[PDB]
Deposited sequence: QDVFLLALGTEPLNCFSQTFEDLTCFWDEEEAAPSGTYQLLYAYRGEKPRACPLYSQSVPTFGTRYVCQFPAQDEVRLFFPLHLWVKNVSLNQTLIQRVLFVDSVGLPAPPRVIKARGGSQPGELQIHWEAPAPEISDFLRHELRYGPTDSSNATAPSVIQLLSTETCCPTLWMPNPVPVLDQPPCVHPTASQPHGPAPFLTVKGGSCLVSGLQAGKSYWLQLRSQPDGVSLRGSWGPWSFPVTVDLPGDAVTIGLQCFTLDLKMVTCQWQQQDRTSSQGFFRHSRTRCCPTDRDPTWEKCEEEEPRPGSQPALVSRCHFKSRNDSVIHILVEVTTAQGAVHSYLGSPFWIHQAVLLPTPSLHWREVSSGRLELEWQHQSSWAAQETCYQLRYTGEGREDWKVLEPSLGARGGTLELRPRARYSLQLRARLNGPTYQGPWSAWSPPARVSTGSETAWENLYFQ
């Protein structure tokens, strides 16, 4: 989506540290004080109107949980113009998550989305959501499926601020482009859903007392993988996945008793591409 297209007056805060009000000067006041003019620039565009936009200096002026009164004072006759009373608390339009670097770890349909939140100081308040669609897009922008990022035990905003999640339900196969957007929860901070992220073309690794994994490779291909001994301590992981060389269809490795196995079979052709067969974990 677009940062400006998200109402006589429109305002939006992407980090609750900066605010930007626009329509189509822009005098604003915090409770009781002498009004000041927000620095305004004219973004003239033939398609739309004049599109007057100003950005607050983001210095001790985006104070939260305070009523802000906006009145437009045009230089024509200083008459009454567009007005809006807003809570910078309650008009948040948070920036989308960045550095998504999502990988299809854990379950074969599972997609780990460990992201570095662009705003690290408010990552607790924001309630993110994602939209993921197939690269083919057989129905244009019809697949707007959205999974809310609640604070479950497997999708929290863990540190190294950033966060992580374990959104599931994504079918195995074609690489999925996904954009996350952030909106304040509403319990303390309120606002509209943030602009969508840049569509990142992440992929998932398709589909397929010692245990032998009897797998066969196709013609003119390779055979390699890793095995993560995460010991199911926590659902999410850090940015760097664990790497463990599959040293011998006859791969042999030592694993903890009654522990989960994060198996992976990776096939790369002569040209060089990602083509993997992932198997479900076993206890």
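*How would you write out the unmodelled ranges of the deposited sequence, numbered from 1?*
Those stretches are 7-10, 29-38, 175-203, 252-263, 304-315, 351-463, listed in order.
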